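Worksheet: one structure, shown below.
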Amino acid sequence: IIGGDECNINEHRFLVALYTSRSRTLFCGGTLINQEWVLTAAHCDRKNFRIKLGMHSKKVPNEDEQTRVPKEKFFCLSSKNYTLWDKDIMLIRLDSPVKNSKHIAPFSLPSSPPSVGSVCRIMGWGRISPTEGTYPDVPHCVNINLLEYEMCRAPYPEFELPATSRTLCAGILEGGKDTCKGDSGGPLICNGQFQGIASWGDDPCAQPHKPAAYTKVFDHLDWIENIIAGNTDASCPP
Ligand SMILES: *[C@@H]1O[C@H](CO)[C@@H](O[C@@H]2O[C@H](CO)[C@@H](O)[C@H](O)[C@H]2NC(C)=O)[C@H](O)[C@H]1NC(C)=O
């Protein structure tokens, strides 16, 4: 996360870290949405990975950290394909439930739709330098604005982005605050609700007028609810 500061140790109880099984290299964030399910991005999928819950500092672990692994992973399509404007979502059922603790608690799915002009917060253990390779020991947090999706189209002519999407466009027009490498898959919290999943942004991060795309959680409520209810034939919004 560029342009923020270390998160308060109590403000990210739902934030989880995806890391490799062997080197313990952190590669994405994610969000605990109840006692046994996590939402992250489809681009975060790996054949083998672990999920750390209740983590703040990497080297000075919270006493109540828990580790889980995916028992099941769900995607919009059997191909697990996604695009720059939709389908970048993965729902994970944990191998066993977690109990709430000082540093662990889920973020409920959103109950209202996101409103343009809201102020949102992002958080993760990604790079805190727009260019370098400075990865923090603790997660950082920063506030950004929810923009009209139309805003995300013009800055990226190479992607020929369609007029509508299943993503939210968020950032700061003047630059300086942004998601960055290692934060993707993590949550975008807007006006108190879990509204986005970090999908992609530009590199270097936090450039002026280069906002980032976050998969729109709200549009996927039916799909999420149906999978959790045990309807595996559920479909993402067309
Ligand atoms: C999922 O996406 C992959 C990669 O974008 C698709 O595989 C490509 O298919 C096209 C032709 O259909 C070829 O040009 C590429 O060589 C393929 N592989 C690549 C780029 O690695 C695939 O079609 C998609 N799967 C679906 C739609 O089921």
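Residue numbering restarts at 1 for every chain of the structure tokens, chains are lettered A, B, ... in their displayed order, and ligands are numbered from 1 as they appear.
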
*Within 8 Å of stretch 13-19 of chain A, counting only C-alpha atoms, which residues qualify if same-chain residues fewer than 5 places away don't, as number ranges by chain?*
A: 24-33, 49-55, 102-107, 124, 186-187

Sorted per-residue table, chain A near ligand 1, closest atoms and distance, 12 Å, only C-alpha atoms and all ligand atoms, as JSON lines:
```
{"residue": "A:43", "atom": "CA", "partner": "ligand 1", "partner_atom_place_in_ligand_line": "2 (O)", "distance": 12.0}
{"residue": "A:76", "atom": "CA", "partner": "ligand 1", "partner_atom_place_in_ligand_line": "28 (O)", "distance": 11.7}
{"residue": "A:77", "atom": "CA", "partner": "ligand 1", "partner_atom_place_in_ligand_line": "28 (O)", "distance": 8.2}
{"residue": "A:78", "atom": "CA", "partner": "ligand 1", "partner_atom_place_in_ligand_line": "28 (O)", "distance": 7.6}
{"residue": "A:79", "atom": "CA", "partner": "ligand 1", "partner_atom_place_in_ligand_line": "28 (O)", "distance": 5.0}
{"residue": "A:80", "atom": "CA", "partner": "ligand 1", "partner_atom_place_in_ligand_line": "1 (C)", "distance": 7.3}
{"residue": "A:81", "atom": "CA", "partner": "ligand 1", "partner_atom_place_in_ligand_line": "1 (C)", "distance": 5.0}
{"residue": "A:82", "atom": "CA", "partner": "ligand 1", "partner_atom_place_in_ligand_line": "1 (C)", "distance": 7.8}
{"residue": "A:83", "atom": "CA", "partner": "ligand 1", "partner_atom_place_in_ligand_line": "5 (O)", "distance": 9.0}
{"residue": "A:84", "atom": "CA", "partner": "ligand 1", "partner_atom_place_in_ligand_line": "5 (O)", "distance": 11.7}
{"residue": "A:87", "atom": "CA", "partner": "ligand 1", "partner_atom_place_in_ligand_line": "1 (C)", "distance": 11.8}
```

_Considering only C-alpha atoms, can you say which of A:142, A:206, A:217, A:190 comes closest to residue A:4?_
A:142

_Can you pull out the residues contacting residue A:219? Cut-off 12 Å, using only C-alpha atoms, and skip same-chain residues under 2 positions away; I want them as number ranges by chain._
A: 86-87, 89, 109-114, 165-168, 194-197, 214-217, 221-225, 235-238

Would you output that residue set with N, CA, C and O atoms, as a CSV table (one decimal), in the first residue's frame?
```
chain,number,residue,atom,x,y,z
A,86,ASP,N,-14.0,-8.3,-15.2
A,86,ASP,CA,-14.9,-9.2,-14.5
A,86,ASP,C,-14.2,-10.5,-14.1
A,86,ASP,O,-13.1,-10.8,-14.5
A,87,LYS,N,-14.9,-11.2,-13.2
A,87,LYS,CA,-14.6,-12.6,-12.9
A,87,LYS,C,-13.3,-12.8,-12.0
A,87,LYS,O,-13.0,-13.9,-11.7
A,89,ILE,N,-12.3,-13.2,-9.0
A,89,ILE,CA,-12.8,-13.5,-7.7
A,89,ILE,C,-12.6,-15.0,-7.4
A,89,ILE,O,-12.8,-15.8,-8.3
A,109,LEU,N,-20.7,-9.8,4.4
A,109,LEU,CA,-20.9,-9.3,3.0
A,109,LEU,C,-21.7,-8.0,3.0
A,109,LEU,O,-22.5,-7.8,3.9
A,110,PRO,N,-21.5,-7.2,2.0
A,110,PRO,CA,-22.2,-5.9,1.9
A,110,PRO,C,-23.7,-6.0,1.8
A,110,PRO,O,-24.2,-6.9,1.1
A,111,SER,N,-24.4,-5.1,2.5
A,111,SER,CA,-25.9,-5.1,2.5
A,111,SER,C,-26.5,-3.9,1.6
A,111,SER,O,-27.7,-3.9,1.4
A,112,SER,N,-25.6,-3.0,1.2
A,112,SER,CA,-26.0,-2.0,0.3
A,112,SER,C,-25.0,-1.8,-0.8
A,112,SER,O,-23.8,-2.2,-0.7
A,113,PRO,N,-25.4,-1.3,-2.0
A,113,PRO,CA,-24.5,-1.1,-3.1
A,113,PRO,C,-23.6,0.1,-2.9
A,113,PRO,O,-23.9,1.0,-2.1
A,114,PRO,N,-22.4,0.0,-3.4
A,114,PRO,CA,-21.4,1.1,-3.2
A,114,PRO,C,-21.8,2.4,-3.9
A,114,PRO,O,-22.4,2.3,-5.0
A,165,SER,N,-18.6,-2.8,-16.4
A,165,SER,CA,-17.8,-3.9,-15.8
A,165,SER,C,-18.4,-4.4,-14.5
A,165,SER,O,-19.5,-3.9,-14.1
A,166,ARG,N,-17.7,-5.4,-13.9
A,166,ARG,CA,-18.1,-5.9,-12.6
A,166,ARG,C,-16.9,-5.5,-11.7
A,166,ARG,O,-16.6,-6.2,-10.8
A,167,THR,N,-16.3,-4.3,-11.9
A,167,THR,CA,-15.3,-3.8,-11.1
A,167,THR,C,-15.6,-2.3,-10.6
A,167,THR,O,-16.4,-1.6,-11.3
A,168,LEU,N,-15.0,-2.0,-9.5
A,168,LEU,CA,-15.1,-0.6,-9.0
A,168,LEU,C,-13.7,0.0,-9.3
A,168,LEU,O,-12.7,-0.7,-9.4
A,194,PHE,N,-17.7,-4.1,3.0
A,194,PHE,CA,-16.7,-4.8,2.1
A,194,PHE,C,-17.2,-4.8,0.7
A,194,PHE,O,-18.1,-5.6,0.3
A,195,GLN,N,-16.7,-3.9,-0.1
A,195,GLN,CA,-17.2,-3.6,-1.5
A,195,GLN,C,-16.4,-4.1,-2.6
A,195,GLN,O,-16.9,-4.3,-3.7
A,196,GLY,N,-15.1,-4.2,-2.4
A,196,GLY,CA,-14.2,-4.6,-3.5
A,196,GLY,C,-13.1,-5.6,-3.1
A,196,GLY,O,-12.7,-5.7,-2.0
A,197,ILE,N,-12.6,-6.3,-4.1
A,197,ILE,CA,-11.5,-7.2,-4.0
A,197,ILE,C,-10.4,-6.7,-5.0
A,197,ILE,O,-10.6,-6.6,-6.2
A,214,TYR,N,-11.1,-3.0,-8.6
A,214,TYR,CA,-11.4,-3.9,-7.5
A,214,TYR,C,-12.7,-4.6,-7.9
A,214,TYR,O,-13.7,-4.0,-8.2
A,215,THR,N,-12.7,-5.9,-7.9
A,215,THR,CA,-13.9,-6.7,-8.3
A,215,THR,C,-15.0,-6.3,-7.3
A,215,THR,O,-14.8,-6.2,-6.1
A,216,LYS,N,-16.2,-6.1,-7.9
A,216,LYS,CA,-17.3,-5.6,-7.2
A,216,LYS,C,-18.0,-6.7,-6.4
A,216,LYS,O,-18.7,-7.5,-7.0
A,217,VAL,N,-17.8,-6.8,-5.1
A,217,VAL,CA,-18.3,-7.8,-4.2
A,217,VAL,C,-19.9,-7.8,-4.3
A,217,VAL,O,-20.4,-8.9,-4.4
A,221,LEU,N,-23.1,-11.2,-4.8
A,221,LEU,CA,-23.8,-11.7,-3.6
A,221,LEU,C,-24.6,-13.0,-3.8
A,221,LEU,O,-24.4,-13.9,-3.1
A,222,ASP,N,-25.3,-13.0,-4.9
A,222,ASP,CA,-26.1,-14.2,-5.2
A,222,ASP,C,-25.2,-15.4,-5.3
A,222,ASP,O,-25.4,-16.5,-4.7
A,223,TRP,N,-24.1,-15.3,-6.1
A,223,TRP,CA,-23.1,-16.3,-6.3
A,223,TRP,C,-22.5,-16.8,-5.0
A,223,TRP,O,-22.5,-18.0,-4.7
A,224,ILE,N,-22.0,-15.8,-4.3
A,224,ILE,CA,-21.4,-16.1,-3.0
A,224,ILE,C,-22.3,-16.9,-2.0
A,224,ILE,O,-22.0,-17.9,-1.5
A,225,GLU,N,-23.5,-16.3,-1.9
A,225,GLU,CA,-24.5,-16.9,-1.0
A,225,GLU,C,-24.9,-18.3,-1.3
A,225,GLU,O,-25.0,-19.2,-0.5
A,235,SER,N,-24.0,-19.6,-10.5
A,235,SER,CA,-23.3,-18.9,-11.5
A,235,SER,C,-23.0,-17.4,-11.1
A,235,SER,O,-23.8,-16.8,-10.4
A,236,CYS,N,-21.9,-16.9,-11.7
A,236,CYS,CA,-21.6,-15.5,-11.5
A,236,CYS,C,-22.6,-14.7,-12.4
A,236,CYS,O,-23.1,-15.2,-13.3
A,237,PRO,N,-22.7,-13.4,-12.0
A,237,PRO,CA,-23.7,-12.6,-12.8
A,237,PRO,C,-23.2,-12.5,-14.3
A,237,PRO,O,-22.0,-12.3,-14.5
A,238,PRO,N,-24.1,-12.7,-15.3
A,238,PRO,CA,-23.7,-12.7,-16.7
A,238,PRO,C,-23.4,-11.3,-17.1
A,238,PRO,O,-24.0,-10.3,-16.7
```

*Which residues come within 9 Å of stretch 170-177 of chain A, counting only C-alpha atoms, excluding same-chain residues fewer than 3 positions away, as a VMD selection string?*
chain A and resid 1 to 4 120 130 142 to 149 151 to 152 188 205 to 214

Restricted to N, CA and C atoms, what would the selected residues look like written as a CSV table (one decimal), in the first residue's frame?
```csv
chain,number,residue,atom,x,y,z
A,1,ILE,N,0.9,-1.2,0.0
A,1,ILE,CA,0.0,0.0,0.0
A,1,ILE,C,0.9,1.2,0.0
A,2,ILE,N,0.7,2.1,-0.9
A,2,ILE,CA,1.4,3.4,-1.0
A,2,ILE,C,0.7,4.5,-0.3
A,3,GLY,N,1.4,5.3,0.4
A,3,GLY,CA,0.9,6.6,0.9
A,3,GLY,C,0.1,6.6,2.2
A,4,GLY,N,0.2,5.4,2.8
A,4,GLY,CA,-0.5,5.2,4.1
A,4,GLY,C,0.5,5.1,5.3
A,120,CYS,N,-12.9,5.1,0.7
A,120,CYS,CA,-12.7,3.7,1.0
A,120,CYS,C,-11.4,3.5,1.6
A,130,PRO,N,6.4,3.1,-4.3
A,130,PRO,CA,5.7,3.0,-5.7
A,130,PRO,C,6.5,2.1,-6.6
A,142,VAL,N,-4.6,2.7,3.9
A,142,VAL,CA,-4.7,4.1,3.4
A,142,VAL,C,-6.1,4.3,2.9
A,143,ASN,N,-6.6,5.5,2.9
A,143,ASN,CA,-7.9,5.8,2.3
A,143,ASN,C,-7.8,6.3,0.9
A,144,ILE,N,-8.7,5.9,0.0
A,144,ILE,CA,-8.8,6.3,-1.3
A,144,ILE,C,-10.3,6.6,-1.7
A,145,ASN,N,-10.6,7.2,-2.9
A,145,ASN,CA,-11.9,7.5,-3.3
A,145,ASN,C,-12.5,6.5,-4.2
A,146,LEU,N,-13.8,6.3,-4.1
A,146,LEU,CA,-14.5,5.5,-5.1
A,146,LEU,C,-14.9,6.4,-6.3
A,147,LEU,N,-14.4,6.1,-7.4
A,147,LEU,CA,-14.6,6.9,-8.6
A,147,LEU,C,-15.6,6.3,-9.6
A,148,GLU,N,-16.1,7.1,-10.5
A,148,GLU,CA,-17.0,6.6,-11.6
A,148,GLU,C,-16.1,5.6,-12.4
A,149,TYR,N,-16.7,4.4,-12.7
A,149,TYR,CA,-15.9,3.4,-13.4
A,149,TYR,C,-15.4,3.9,-14.7
A,151,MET,N,-14.0,6.5,-15.2
A,151,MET,CA,-12.7,7.1,-14.9
A,151,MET,C,-11.5,6.2,-15.2
A,152,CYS,N,-11.7,4.9,-15.0
A,152,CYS,CA,-10.7,3.8,-15.1
A,152,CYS,C,-10.4,3.5,-16.6
A,188,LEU,N,-11.4,-3.8,-0.3
A,188,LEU,CA,-11.7,-2.4,-0.4
A,188,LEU,C,-12.9,-2.2,0.4
A,205,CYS,N,3.2,2.0,-8.8
A,205,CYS,CA,1.9,2.2,-8.1
A,205,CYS,C,1.8,3.7,-7.8
A,206,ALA,N,0.5,4.1,-7.6
A,206,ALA,CA,0.2,5.5,-7.1
A,206,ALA,C,0.6,6.6,-8.0
A,207,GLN,N,0.6,6.4,-9.3
A,207,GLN,CA,0.9,7.4,-10.3
A,207,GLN,C,-0.4,8.3,-10.4
A,208,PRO,N,-0.2,9.6,-10.7
A,208,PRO,CA,-1.3,10.5,-10.9
A,208,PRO,C,-2.3,10.0,-11.9
A,209,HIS,N,-3.5,10.0,-11.6
A,209,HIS,CA,-4.6,9.6,-12.5
A,209,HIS,C,-4.4,8.2,-13.1
A,210,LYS,N,-4.0,7.3,-12.3
A,210,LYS,CA,-3.9,5.8,-12.6
A,210,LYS,C,-4.6,5.0,-11.6
A,211,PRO,N,-6.0,5.1,-11.5
A,211,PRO,CA,-6.7,4.4,-10.4
A,211,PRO,C,-6.7,2.9,-10.7
A,212,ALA,N,-7.1,2.2,-9.6
A,212,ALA,CA,-7.0,0.7,-9.7
A,212,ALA,C,-8.4,0.1,-9.7
A,213,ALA,N,-8.5,-1.2,-10.1
A,213,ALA,CA,-9.7,-1.9,-10.3
A,213,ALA,C,-9.9,-2.9,-9.2
A,214,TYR,N,-11.1,-3.0,-8.6
A,214,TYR,CA,-11.4,-3.9,-7.5
A,214,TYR,C,-12.7,-4.6,-7.9
```

*What separation in Å, quoted to one decimal, exists between atom CA of residue A:116 and atom CA of residue A:185?*
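Atom CA of residue A:185 lies 21.2 Å from atom CA of residue A:116.
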
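Each of A:163, A:7, A:98, A:128 was compared to residue A:179 using only C-alpha atoms, and A:128 turns out to be the nearest.
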
*Within stretch 99-134 of chain A, find each residue whose DSSP state, derived from the backbone, is strand (DSSP E or B), and express the selection as number ranges by chain.*
A: 101, 104, 119-124

Dump of N, CA, C and O atoms for the selected residues, as a compact mmCIF listing (two decimals), in the first residue's frame:
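Produced file again-v2.txt, reproduced below:
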```txt
# COMPACT_ATOMS: atom_id res chain seq x y z
N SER A 101 -11.32 -14.10 17.74
CA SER A 101 -10.36 -13.81 18.80
C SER A 101 -10.00 -12.33 18.75
O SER A 101 -10.58 -11.57 17.97
N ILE A 104 -8.92 -11.74 15.23
CA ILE A 104 -9.64 -12.45 14.15
C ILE A 104 -11.15 -12.26 14.26
O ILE A 104 -11.75 -12.55 15.31
N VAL A 119 -15.58 7.34 0.48
CA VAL A 119 -14.17 7.19 0.83
C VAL A 119 -13.98 5.74 1.26
O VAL A 119 -14.80 5.19 2.03
N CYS A 120 -12.94 5.11 0.74
CA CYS A 120 -12.72 3.68 0.97
C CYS A 120 -11.38 3.48 1.64
O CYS A 120 -10.53 4.36 1.57
N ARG A 121 -11.18 2.33 2.26
CA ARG A 121 -9.88 2.02 2.84
C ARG A 121 -9.38 0.73 2.22
O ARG A 121 -10.17 -0.18 1.97
N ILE A 122 -8.08 0.68 1.97
CA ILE A 122 -7.41 -0.54 1.50
C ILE A 122 -6.30 -0.88 2.47
O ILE A 122 -5.83 -0.02 3.22
N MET A 123 -5.85 -2.12 2.43
CA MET A 123 -4.92 -2.61 3.43
C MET A 123 -4.24 -3.86 2.94
O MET A 123 -4.86 -4.69 2.26
N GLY A 124 -2.98 -4.00 3.30
CA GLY A 124 -2.21 -5.19 2.92
C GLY A 124 -0.76 -5.10 3.30
O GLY A 124 -0.29 -4.07 3.80
```

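If only C-alpha atoms are the atoms counted, then among A:227, A:198, A:169, A:90 the closest residue to residue A:182 is A:198.
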
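Comparing A:36, A:5, A:64, A:183 by their smallest distance to residue A:93, the closest is A:36 (using only C-alpha atoms).
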
*Work out how far apart atom CA of residue A:126 and atom CA of residue A:68 are and give it in Å to one decimal.*
20.7 Å
